[PDB]
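Chains as they are written, first to last, in the deposited numbering: chain V, 1 to 161; chain H, 1 to 161; chain S, 55 to 107; chain W, 162 to 267; chain Z, 215 to 321; chain C, 268 to 321; chain X, 268 to 321.
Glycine included, each C-beta is placed from N, C-alpha and C at the ideal position.
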Amino acid sequence: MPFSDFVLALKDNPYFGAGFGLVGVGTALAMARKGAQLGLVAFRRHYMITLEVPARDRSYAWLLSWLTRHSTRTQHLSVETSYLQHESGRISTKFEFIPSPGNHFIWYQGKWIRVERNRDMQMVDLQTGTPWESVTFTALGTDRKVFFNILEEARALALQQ
Amino acid sequence: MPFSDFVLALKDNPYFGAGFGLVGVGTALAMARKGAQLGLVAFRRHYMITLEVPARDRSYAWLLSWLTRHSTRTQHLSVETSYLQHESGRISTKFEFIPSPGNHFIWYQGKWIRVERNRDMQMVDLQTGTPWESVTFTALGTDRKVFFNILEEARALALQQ
Amino acid sequence: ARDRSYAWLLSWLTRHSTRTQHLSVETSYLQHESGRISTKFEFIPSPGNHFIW
Amino acid sequence: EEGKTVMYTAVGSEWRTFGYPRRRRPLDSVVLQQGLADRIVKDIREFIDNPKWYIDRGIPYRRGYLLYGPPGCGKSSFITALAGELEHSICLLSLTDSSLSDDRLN
Amino acid sequence: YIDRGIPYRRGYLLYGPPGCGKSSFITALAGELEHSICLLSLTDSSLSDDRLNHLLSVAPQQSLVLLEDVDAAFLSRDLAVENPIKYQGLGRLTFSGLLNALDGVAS
Amino acid sequence: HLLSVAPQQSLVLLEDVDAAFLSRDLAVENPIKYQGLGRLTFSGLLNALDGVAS
Amino acid sequence: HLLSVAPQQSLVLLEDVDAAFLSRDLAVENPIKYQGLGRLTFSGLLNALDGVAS
Ligand SMILES: Nc1ncnc2c1ncn2[C@@H]1O[C@H](COP(=O)(O)OP(=O)(O)OP(=O)(O)O)[C@@H](O)[C@H]1O
Ligand SMILES: Nc1ncnc2c1ncn2[C@@H]1O[C@H](COP(=O)(O)OP(=O)(O)OP(=O)(O)O)[C@@H](O)[C@H]1O
Ligand SMILES: [Mg+2]
Ligand SMILES: [Mg+2]
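Below, the structure is given as structure tokens:
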């Protein structure tokens, strides 16, 4: 009875026709959401490069210094006060600007890198002040040598000045 | 009275017909949601294999090392700075890349494994730095020997180099 | 849970639960009259809504 | 776990197995003074086999043993061999622990 | 060892005036035997008797456990004559714990 | 760990070593007591300066 | 750190220095014990006042 009686019962109500019309809408809506996730995942896996740096590595320090230096004209900075000893023998306050947390864009080597200064989540870490800060270098392409070049240049700049 | 009077009262309003047309829509929507969960559960139970590895096992260390080595051209890496002693007698910085947390895909033994570097949830664990990090090897199929082969190869690679 | 009434009432719920099928296990060592001790599998109603008459 | 000896340990307030079941040490592999091993085995098996003699007189059904002597003469090895012979397990208790209290010990 | 019931363990002690070649010989021996070295610090702060037993029970296969400068873990000589062998350390390790870990029932 | 991850081309400087541990009469005495604040021991320093893992 | 980030054109004032550490008979004795409350040592103060990183 559930098969035959319902089919007649559903066919009796014209609102049922609009109902299965809405049923197809819901099925298409669920498919559309699924299509989005798979497309994003495939695009990230095949055409994007990502380099996360934790705060537990010296590479974090060198990369942060290189981001302070090479930031083009970034206008989302944060202040950092330090005492700089002049060659005259005295010390004066030095106003240094570091890119504040957010999404910044650079044009290194003809690409458009999408560095992101990750903020603090839960104040848990080791060998530091426990802020668990991080940076994520995202760029469009398939070559990995860009991030290696960035890291090597950061090390060279750290060994410079 | 509730049976007879309501039936006449419902039949009086033509909007009632559309409402019970919408009632069937709600029942179908709930059924469709239930159909999704049971389908997912059955598919996972019958045609997929999953191997979770906690951070409390040496298997975690070996498998993490093997994931660092065999990652194909994965472009979702994270840095890991270490000092490597050259045969010349000096030590230089070694830039090692480990797949950053996310979903990575490999083609081991003709399958498409779906490794996932689980992140830190609540920073509670023992015998480690308490990050509760994990990896989950998901693949399509019914054979379990693939994950055993992966673990054995990870152990062999750990005993190598 | 701050009252001995809790302990007594929990014990009474363990005993009088009719045929409740939402139980939880509780392993304890029961000393037999023969002089030895054996494991006792005791079932306490697991958290949830139970109905009695 | 048969053919091997299980060794438990104190984890909080419960006895949890420690490692894997160790292989049994043969009883004749431990050479004690003449008749000592037989005496101890007979005593412990008499205690195990007679709970009624304890119940009928109100005596608590417990027993304790003490092995003393200069180090390296075979106390721990004999205990392992005895546990293997009696098919018992060993619950290692460390009195000089940090988490051990009187209530926890009881 | 198996055919006679003897536990399959061995231990070595190298003693002498400082700088005569104990640690260097241990390193050379580990290289020769293709083993690894598990450095254990008895006078630690997180080391307990149960933790010591566990650590000695899960040592990597084909490895040498190395307890260097054992005499610094516990009081000695006049204290050895004295009733207690006091733990002159930082953690919760005891002389009996070390003795039972090195050669005991659960070793 | 700290002695194992020192930056390359650097000099590790342990200034005023005699203040770390008891000395002279204690050096003659059986233990070289750590007259300090942390959880460092004489054997630990000895093995760090020149040991197996140095 | 505190001695390294003092405001410019300022005088650091350490008043009653003799109360920080044991003295006289202890100064003759091998250790200069810290008769204080925190985790400061005589060598630490000596290196902070005039050391390598001062
Ligand atoms: N009577 C014995 N027969 C055979 N082997 C023995 C005997 N006594 C000691 N041994 C051997 O000596 C070693 C250690 O002995 P064991 O641990 O039993 O000594 P102990 O006197 O109980 O010391 P401790 O209390 O410190 O453990 C083992 O290799 C064990 O086989
Ligand atoms: N027999 C030896 N041949 C070559 N070098 C040696 C020898 N003995 C000692 N040395 C050298 O002495 C130094 C330290 O030696 P080592 O660490 O082995 O000594 P030790 O006896 O363990 O002393 P300590 O307990 O003070 O460390 C190293 O430079 C090592 O090369
Ligand atoms: Mg013993
Ligand atoms: Mg040495």
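Quick one: list the residues of chain Z neighbouring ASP217/W, beta-carbon separation under 7 Å, in chain order. Those within 7 Å of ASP217/W in chain Z number zero; the least Cβ separation is about 35 Å.
Residues of the region 269 to 287 of chain C with a CB closer than 7 Å to any CB of chain X: list them in chain order, please. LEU280, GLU282, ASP283, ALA286
Taking the alpha helix (DSSP H) that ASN149/H falls in, what are its first and last residues? 145 to 159
Less than 7 Å between the CB of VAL192/W and some heavy atom of ligand 1, yes or no? yes
Please say whether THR178/W and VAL167/W have beta carbons closer to each other than 8 Å? yes
Beta-carbon neighbours of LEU304/C, restricted to chain X and to distances below 8 Å: Within 8 Å Cβ-Cβ: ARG306, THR308.
Unbroken alpha helix (DSSP H) run spanning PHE6/H, endpoints: Unbroken alpha helix (DSSP H) run through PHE6/H: 2 to 12.
Just tell me which of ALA273/Z, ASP292/Z, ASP217/Z, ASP283/Z has its CA closest to the CA of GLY230/Z. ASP283/Z
Closer than 7 Å by beta-carbon distance: list the chain S residues that pair up with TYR222/W, in chain order. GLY89
Residues with a Cβ closer than 6 Å to any heavy atom of ligand 3, in chain order? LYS236/W, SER237/W, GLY318/Z
Candidates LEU10/V, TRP66/V, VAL135/V, of which the one nearest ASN118/V by Cα: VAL135/V
Quick check: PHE105/S and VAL79/S, are their CB atoms within less than 8 Å of each other? no
List, in order along the chain, the chain H residues whose C-beta lies closer than 9 Å to that of residue 195/V? Since the first residue of chain V shown is 1 and the last is 161, residue 195/V is not available in this structure.
Shorter than 8 Å from the beta carbon of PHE179/W to some beta carbon of chain Z? yes
Bounding residues of the beta strand (DSSP E) (the contiguous stretch that carries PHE137/V): 134 to 140
For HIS249/Z and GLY219/Z, I'd like the C-alpha separation in whole angstroms. 26 Å
Using a Cβ cut-off of 7 Å, pull out every chain S residue sitting near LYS203/W, in sequence order please. Under the 7 Å cutoff, chain S gives no residues; its nearest Cβ is about 20 Å from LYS203/W.
Is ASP292/C buried or exposed, if buried means 16 or more other CB atoms sit within 10 Å of its CB? By the 10 Å Cβ count, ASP292/C comes out exposed.
Cβ contact check for the region 136 to 155 of chain V and the region 46 to 56 of chain V: 3 or more pairs under 8 Å: Judged by Cβ distances under 8 Å, the region 136 to 155 of chain V makes contact with the region 46 to 56 of chain V, as three or more pairs qualify.
With DSSP as the reference, label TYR60/V as helix, strand or coil. helix
Within 10 angstroms of the Cβ of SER259/W, are there 16 or more other Cβ atoms? Answer buried if so, exposed if not. With fewer than 16 other Cβ atoms inside 10 Å of its own Cβ, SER259/W counts as exposed.
Go ahead and label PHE20/H buried or exposed: buried means 16 or more other beta carbons lie within 10 angstroms of its beta carbon, across all protein chains shown. exposed
So, do the region 296 to 314 of chain Z and the region 251 to 266 of chain Z have three or more beta carbon pairs nearer to each other than 8 Å? yes
Report yes if the C-beta distance between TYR215/Z and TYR226/Z is below 8 Å; otherwise report no. no
If you run the structure through DSSP and keep just helix, strand and coil, what is residue 322/X? Residue 322/X lies beyond the stretch modelled for chain X, which goes from 268 to 321, so this question has no answer here.
Neighbour flag for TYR15/V against chain D, beta carbons, 8 Å: Chain labels in this structure do not include chain D; the protein chains are V, H, S, W, Z, C and X.
Are there any heavy atoms of ligand 2 lying less than 7 Å away from the beta-carbon of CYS234/Z, as far as the coordinates show? yes
Can you pull the chain S neighbours of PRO212/W, defined as C-beta to C-beta under 9 Å? Those within 9 Å of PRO212/W in chain S are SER88, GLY89, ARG90.
Within 10 angstroms of its Cβ, does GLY24/H collect 16 or more other Cβ (buried), or is it exposed? buried
Could you give the C-beta distance for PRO99/V and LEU63/V, rounded to a whole number, given that I count them as a contact under 8 Å? The pair is not a contact, with the Cβ atoms about 12 Å apart (cut-off 8 Å).
Presumed contact (8 Å Cβ cut-off) between residue 258/C and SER237/Z, rounded CB distance: This structure gives no information on residue 258/C, because the portion of chain C shown stretches from 268 to 321.
Could you spell out the range, first to last residue, of the alpha helix (DSSP H) harbouring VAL79/H? Note, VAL79/H: premise wrong, no alpha helix (DSSP H); beta strand (DSSP E) at 76 to 85.
For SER259/Z, would you say it is in contact with chain W, using Cβ-to-Cβ distances shorter than 8 Å as the test? no
With a CB to CB cut of under 7 Å and the five nearest residues on each side skipped, what residues in its chain are close to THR128/H? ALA55
With distances taken from CA atoms, which of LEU29/H, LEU40/H, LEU77/H is nearest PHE137/V? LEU77/H
Between the CA atoms of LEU126/H and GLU116/H - distance to the nearest angstrom: Using only the alpha carbons, I get a separation of about 22 Å.
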